[PDB]
Amino acid sequence: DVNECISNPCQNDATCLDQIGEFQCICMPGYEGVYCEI
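The letter at position 31 of the sequence shown is residue 439 when you use my numbering, and the numbering goes up by one with no holes.
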């Protein structure tokens with residue numbers, strides 16, 4: 409069932425979040441970046 413959330417594009421410790429065309433890493437309120445890691 410998994411395909412996009414198998415490697416986790418995140419960098420720190422964020423989770424996966426993709427439906428069809430909107431992938432985003434879930435992080436802590438304060439971490440910036442494209443994949444949550446700043």
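Beta carbons: idealized from backbone N, C-alpha and C, even for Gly.
Asked	Found
Minimum C-alpha distance to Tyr443 - residue among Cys413, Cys418, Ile414 and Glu412	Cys418
Cα-Cα separation, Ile434 to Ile446	12 Å
Helix, strand or coil at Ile428 according to DSSP, with G and I counted as helix	coil
Beta-carbon contacts of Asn420 that lie in its chain and below 6 Å, excluding the five residues immediately before and after	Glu445
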